[PDB]
Amino acid sequence: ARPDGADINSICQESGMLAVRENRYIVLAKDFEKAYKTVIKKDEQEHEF
Amino acid sequence: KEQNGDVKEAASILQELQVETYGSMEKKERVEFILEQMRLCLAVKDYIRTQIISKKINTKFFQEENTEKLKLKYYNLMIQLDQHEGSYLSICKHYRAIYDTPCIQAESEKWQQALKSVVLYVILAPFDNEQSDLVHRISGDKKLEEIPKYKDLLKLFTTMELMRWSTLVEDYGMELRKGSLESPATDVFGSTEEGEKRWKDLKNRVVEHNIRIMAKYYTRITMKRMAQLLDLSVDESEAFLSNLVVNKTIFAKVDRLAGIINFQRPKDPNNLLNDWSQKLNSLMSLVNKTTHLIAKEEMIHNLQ
Amino acid sequence: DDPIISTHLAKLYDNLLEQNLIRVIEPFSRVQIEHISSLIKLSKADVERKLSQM
């Protein structure tokens, strides 16, 4: 329910391969955030008007 | 070491295992430490706990020769992962890693347990080409043929030596009666929950490899005389038939409609193919006969 | 709370029949119909007509 299929591919890219930068399997809920900050977040989060 | 550790300190060291391996760009202490809890997880006495920490171990490899002999220090534990309870066959280099240490040395008894471990383990291992081929690939040792037991079991690699099982029990129970290198015996039959289990899987060996070797004269063989020529009882042979036949790695055909049935090959249900091979190839051999008959008879007639 | 008691575990054990029939007949083609069904523990109760149907 948070507006942050094509991105999910890069989502897992970022999150998983940074856990592999961390070099472990277990994927965290923070890994979502790691995949939700390097994205199309230009102008967060409402045209305000 | 406060209490020499416990499940609490096991959880401690484990939680401190997989966190720092990358905050600590470490090649040796990380190796000598990811093993440090191998006891705290084997003193835990849980096969799958050791296997989880080994799933951790897989991360670190090319461990060979960290120092000149750091692996002669770690491989004891690496094989200790599945040393006395592990799979009888996945010990290929596991139950091999024991030979090199006193092969690096010039030991006599420690090298003898090294040898009679690098060999007396595959008889536990199920049948395979690897075991069979390798145990004679590794043949050529000089310290190994100095053991009547090694010679005895190495001879077993042909005709199965369908021997009175108690005779082999002598040959490999007097290992514990060695006024010489005996650590072979303790590695083999100084053990109880696996050494006696080694005797059991040795019964498995004799019966199943005899099934292998005796596959020639079959298509006529009785359940009773099976046991008679098996060095084991009939209902013992019943259970052996049962396990080898539900394993069914070979295709026999048996029934107690008579009990005279055998660990057979497909029992020859085939058409002319048999006749075809026979007639054709035999007749061909006969034309070959003729064609060299002329030749060699002429040769022996050369002087005349 | 079983919706139907005519099919649920009925079909399970139905499948299991031949699933247990490929363990007593898995070893060899020919066999005594008794000890082959000593595993199913009934040598002639229902093994007979079941395997016939099969």
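Note: ideal-geometry Cβ built from the backbone for every residue, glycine included; neighbour counts use all protein chains shown. Bear in mind these aren't lab numbers, they're just calculated from the coordinates by the rules spelled out.
Take B:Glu85 and tell me if it is of a type outside the set (A, V, I, L, M) and under 26 Å from the mean Cα position of the chain (by Cα). Yes. The helices (runs of 4 or more DSSP H) found entirely in the stretch B:154-243 that carry 2 or more residues being under 27 Å from B:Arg137 (Cα atoms) and of a type outside the set (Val, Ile, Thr) are B:165-171, B:183-188, B:195-213. One residue stands out among those in the stretch B:17-58 that are among the hydroxyl-bearing types (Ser, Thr, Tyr) and touching a helix residue (DSSP H, G or I) at 6+ places or on another chain (Cβ under 8 Å): the one that is nearest to the other protein chains (Cβ to nearest Cβ), which is B:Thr21.
Based on what the data block shows, is B:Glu64 in a loop (DSSP other than H, G, I, E, B) and either touching a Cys at 6+ places or on another chain (Cβ under 7 Å) or within 25 Å of B:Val122 (Cα to Cα) (or both)? Yes; evaluated as a whole, the condition is true for this residue. Checked against the criterion of being within 14 Å of chain B (Cβ to nearest Cβ) and of a type in the set (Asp, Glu), the candidates A:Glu22, A:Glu46 yield just one match: A:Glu22.
Among the residues making up the stretch B:244-260, those that are part of a loop (DSSP other than H, G, I, E, B) and crowded, with 18+ Cβ neighbours inside 10 Å are B:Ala252, B:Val254. Of all residues in the stretch B:224-266, those satisfying the criterion of being more than 9 Å from chain C (Cβ to nearest Cβ) and touching a strand residue (DSSP E or B) at 6+ places or on another chain (Cβ under 7 Å) are B:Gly259, B:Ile260, B:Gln264.
Would you confirm whether or not the stretch C:40-47 contains a residue that is within 14 Å of chain B (Cβ to nearest Cβ), out of contact with any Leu (no Cβ under 7 Å at 6 or more places or on another chain) and within 25 Å of B:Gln264 (Cβ to Cβ)? Scanning the stretch C:40-47, I find no residue that is within 14 Å of chain B (Cβ to nearest Cβ), out of contact with any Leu (no Cβ under 7 Å at 6 or more places or on another chain) and within 25 Å of B:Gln264 (Cβ to Cβ), so the answer is no. The number of residues in the stretch A:24-39 that are in a loop (DSSP other than H, G, I, E, B) and either touching a helix residue (DSSP H, G or I) at 6+ places or on another chain (Cβ under 8 Å) or surrounded by 11 or more Cβ atoms within 10 Å (Cβ to Cβ) (or both) comes to 9.
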